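Participant: Below you will find the structure I want to go over with you.
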Amino acid sequence: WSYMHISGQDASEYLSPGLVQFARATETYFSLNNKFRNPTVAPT
Amino acid sequence: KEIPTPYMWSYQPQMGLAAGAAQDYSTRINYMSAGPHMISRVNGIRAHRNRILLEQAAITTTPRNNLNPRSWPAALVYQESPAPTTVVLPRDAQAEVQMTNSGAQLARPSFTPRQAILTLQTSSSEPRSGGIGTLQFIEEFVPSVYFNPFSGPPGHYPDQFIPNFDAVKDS
Amino acid sequence: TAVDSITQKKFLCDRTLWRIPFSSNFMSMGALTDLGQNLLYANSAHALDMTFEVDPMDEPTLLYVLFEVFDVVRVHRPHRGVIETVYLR
Amino acid sequence: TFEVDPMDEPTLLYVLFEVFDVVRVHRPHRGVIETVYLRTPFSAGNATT
Amino acid sequence: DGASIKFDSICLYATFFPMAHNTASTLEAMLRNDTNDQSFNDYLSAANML
């Protein structure tokens, strides 16, 4: 029931794996992890 | 008729009975339609959630009959634990009459051993009545949706839905 | 010099904000806490009638109260010209 | 509004609202007191102290 | 005007029930119940304002 990366998982899993490689293939030129949301969760 | 919010029951604790259902807004997403490529998503993600809250409503509780009853018996709402633990006494009931008044003052028992115990039940004397006691509120009235607002004027509408409402009379 | 009195002990906080988590233990481990948006704490409706009992107010002051809600935006660009709008409270 | 008789000296209008005070003494151990006090037209937070 | 109250010999007192342990230990364990407990109210069932 939660779509906008709030109960979804870490960036690398749900997202398109086309440029997930390029997230850390492009080293210091594009060191980007604030560009996309990183949702972290806790047990219930 | 097409886009309503899932209704959420408002609560009063010591009474036990919920006041009435209301719509959600302080987390409700933007309805400024993003475009033809996301309008089906904002109406689609919500649509499966409408069936999430619909399916569990029949599972968590038996379907609605009396929508808000104060005079409430216990069946799904749980009556507290019925188990007693009974222990013996260091001194006996009948092995004490021989001594103190006669001369010998008293201050398993290492005088004359006996085994006698009686167990009685711990349960609530008669069954649970009135509103919800401790914590059974979510299991009694799960947030449920009326997807066609007031469709049917004079016969019946969402009745016990109003917080300014009692079971005896409308208004 | 034989002069006797008691200490006047207190504290002076200024440049900080008072933060409270929402978990069972109450600890800010990530964005979602143990009782923050659990299952009961997501579906049911509730109220807030909480007091703000305070110290000397020599001048009229606005007690600025924040609430830790959620405002996450996904900037969609599937098209060469249009930003798709999604804003949540 | 308390439009009352004008008096000579400063007086405290000490109003009492009839609000029930119940303390249930749950004693599931011999010599252990675990209690909660609550009122009905009164929430245990918002008050003058 | 020159006068004061001080304190010298302080004591607590407790007049228990001289019961037979047979009935004393049984019903203290029956008051040890989760449901059978104690509740005390007041004639002044009232809040206060200042």
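Residues are named by chain letter and number: chains run A, B, ... in the order of the structure tokens, numbers start at 1 in each chain, and ligands are numbered from 1 in the order shown.
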Hey, what's within 12 Å of residue 32 of chain A if we count only C-alpha atoms and toss same-chain stuff fewer than 3 positions away? As a PDB file with C-alpha atoms, in the first residue's frame, please?
Facilitator:
```pdb
ATOM      1  CA  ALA A  11      17.785   1.249  -3.815  1.00  0.00           C
ATOM      2  CA  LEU A  19      22.344   1.900 -14.312  1.00  0.00           C
ATOM      3  CA  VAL A  20      22.577   0.389 -10.790  1.00  0.00           C
ATOM      4  CA  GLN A  21      26.031  -0.625 -12.089  1.00  0.00           C
ATOM      5  CA  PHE A  22      26.661   3.053 -13.004  1.00  0.00           C
ATOM      6  CA  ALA A  23      25.871   4.148  -9.411  1.00  0.00           C
ATOM      7  CA  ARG A  24      29.337   2.831  -8.454  1.00  0.00           C
ATOM      8  CA  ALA A  25      30.958   2.473 -11.905  1.00  0.00           C
ATOM      9  CA  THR A  26      30.956   6.281 -12.102  1.00  0.00           C
ATOM     10  CA  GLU A  27      33.230   6.791  -9.078  1.00  0.00           C
ATOM     11  CA  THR A  28      33.759  10.433  -7.986  1.00  0.00           C
ATOM     12  CA  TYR A  29      32.267  12.076 -11.123  1.00  0.00           C
ATOM     13  CA  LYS A  35      19.727  11.609  -5.699  1.00  0.00           C
ATOM     14  CA  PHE A  36      17.442   8.650  -4.929  1.00  0.00           C
ATOM     15  CA  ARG A  37      15.677   7.881  -1.626  1.00  0.00           C
ATOM     16  CA  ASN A  38      17.218   5.191   0.595  1.00  0.00           C
TER      17      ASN A  38
END
```
Participant: Residues near residue 46 of chain D, anyone? I mean within 12 Å using only C-alpha atoms, not counting same-chain ones fewer than 5 positions away, as an mmCIF file with N, CA, C and O atoms, in the first residue's frame.
Facilitator:
```cif
data_model
loop_
_atom_site.group_PDB
_atom_site.id
_atom_site.type_symbol
_atom_site.label_atom_id
_atom_site.label_comp_id
_atom_site.auth_asym_id
_atom_site.auth_seq_id
_atom_site.Cartn_x
_atom_site.Cartn_y
_atom_site.Cartn_z
ATOM 1 N N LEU C 48 -4.975 14.497 19.838
ATOM 2 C CA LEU C 48 -3.870 15.005 20.657
ATOM 3 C C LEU C 48 -4.288 16.232 21.473
ATOM 4 O O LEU C 48 -4.530 17.310 20.918
ATOM 5 N N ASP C 49 -4.386 16.045 22.789
ATOM 6 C CA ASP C 49 -4.696 17.125 23.730
ATOM 7 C C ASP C 49 -3.584 17.258 24.777
ATOM 8 O O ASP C 49 -3.814 17.099 25.985
ATOM 9 N N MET C 50 -2.381 17.559 24.291
ATOM 10 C CA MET C 50 -1.175 17.619 25.123
ATOM 11 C C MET C 50 -0.825 19.032 25.593
ATOM 12 O O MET C 50 -0.880 19.986 24.812
ATOM 13 N N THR C 51 -0.464 19.139 26.872
ATOM 14 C CA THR C 51 -0.133 20.419 27.515
ATOM 15 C C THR C 51 1.297 20.892 27.233
ATOM 16 O O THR C 51 2.174 20.093 26.889
ATOM 17 N N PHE C 52 1.503 22.200 27.380
ATOM 18 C CA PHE C 52 2.821 22.824 27.287
ATOM 19 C C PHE C 52 3.051 23.754 28.483
ATOM 20 O O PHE C 52 3.119 24.981 28.337
ATOM 21 N N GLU C 53 3.153 23.149 29.669
ATOM 22 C CA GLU C 53 3.409 23.872 30.919
ATOM 23 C C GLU C 53 4.868 24.325 30.957
ATOM 24 O O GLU C 53 5.788 23.516 30.796
ATOM 25 N N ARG D 39 -8.917 9.844 35.689
ATOM 26 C CA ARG D 39 -10.151 10.600 35.891
ATOM 27 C C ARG D 39 -10.962 10.659 34.587
ATOM 28 O O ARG D 39 -10.413 10.415 33.507
ATOM 29 N N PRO D 41 -13.795 13.359 33.424
ATOM 30 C CA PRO D 41 -13.679 14.653 32.729
ATOM 31 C C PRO D 41 -12.314 15.337 32.924
ATOM 32 O O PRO D 41 -12.247 16.554 33.143
#
```
Participant: Counting only C-alpha atoms, collect the residues of chain E whose closest atom lies at most 7 Å from chain D, and write them out as a list in words.
Facilitator: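 Interface list for chain E against chain D: residues 32, 33, 34, 37, 38, 39, 40, 41, 42, 45, 46, 47, 48, 49 and 50 of chain E.
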Participant: I'd like the contact shell of segment 23-29 of chain E - 10 Å cut-off, only C-alpha atoms, skipping same-chain residues fewer than 5 positions apart - returned as a PyMOL selection string.
Facilitator: (chain B and resi 84-90+93+118-119) or (chain D and resi 27-30) or (chain E and resi 17-18+36)
Participant: Which is closest to chain A among C:24, C:83, C:2, C:44, if we use only C-alpha atoms?
Facilitator: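 Looking only at the distances to chain A, the closest residue turns out to be C:24.
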Participant: Could you list, with a cut-off of 9 Å and counting only C-alpha atoms, the residues of chain B near chain A, each shown with its nearest atom pair and the distance in Å rounded to one decimal, rows sorted by chain and ascending number, as a tab-separated table?
Facilitator:
```
residue	atom	partner	partner_atom	distance
B:45	CA	A:1	CA	6.8
B:46	CA	A:1	CA	7.3
B:48	CA	A:1	CA	7.7
B:49	CA	A:1	CA	5.7
B:52	CA	A:1	CA	8.3
```
Participant: Convert the current residue selection to file output with N, CA and C atoms, as a PDB file, in the first residue's frame.
Facilitator:
```
ATOM      1  N   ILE B  45      -3.010   2.086  -7.414  1.00  0.00           N
ATOM      2  CA  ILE B  45      -2.354   1.689  -6.154  1.00  0.00           C
ATOM      3  C   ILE B  45      -3.355   1.778  -4.989  1.00  0.00           C
ATOM      4  N   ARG B  46      -4.179   2.825  -5.012  1.00  0.00           N
ATOM      5  CA  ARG B  46      -5.281   3.013  -4.062  1.00  0.00           C
ATOM      6  C   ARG B  46      -6.364   1.938  -4.195  1.00  0.00           C
ATOM      7  N   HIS B  48      -6.136  -1.306  -5.110  1.00  0.00           N
ATOM      8  CA  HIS B  48      -5.754  -2.573  -4.484  1.00  0.00           C
ATOM      9  C   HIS B  48      -5.721  -2.455  -2.958  1.00  0.00           C
ATOM     10  N   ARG B  49      -5.440  -1.247  -2.458  1.00  0.00           N
ATOM     11  CA  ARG B  49      -5.517  -0.933  -1.023  1.00  0.00           C
ATOM     12  C   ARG B  49      -6.963  -0.950  -0.520  1.00  0.00           C
ATOM     13  N   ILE B  52      -7.488  -4.389   0.080  1.00  0.00           N
ATOM     14  CA  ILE B  52      -6.698  -4.791   1.255  1.00  0.00           C
ATOM     15  C   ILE B  52      -7.518  -4.572   2.537  1.00  0.00           C
TER      16      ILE B  52
END
```
Participant: Show me, as a PyMOL selection string, the residues of chain C whose atoms get within 7 Å of chain A, using only C-alpha atoms for the distance check.
Facilitator: chain C and resi 30-34+38+74
Participant: Quick one: pull the distance between atom CA of residue 4 of chain B and atom CA of residue 63 of chain B, Å, one decimal.
Facilitator: 21.0 Å
Participant: What parts of chain E does DSSP call strand (DSSP E)? I'd like the answer as a list in words.
Facilitator: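 Taking chain E and keeping strand (DSSP E) gives residues 38, 39, 40, 47 and 48 of chain E.
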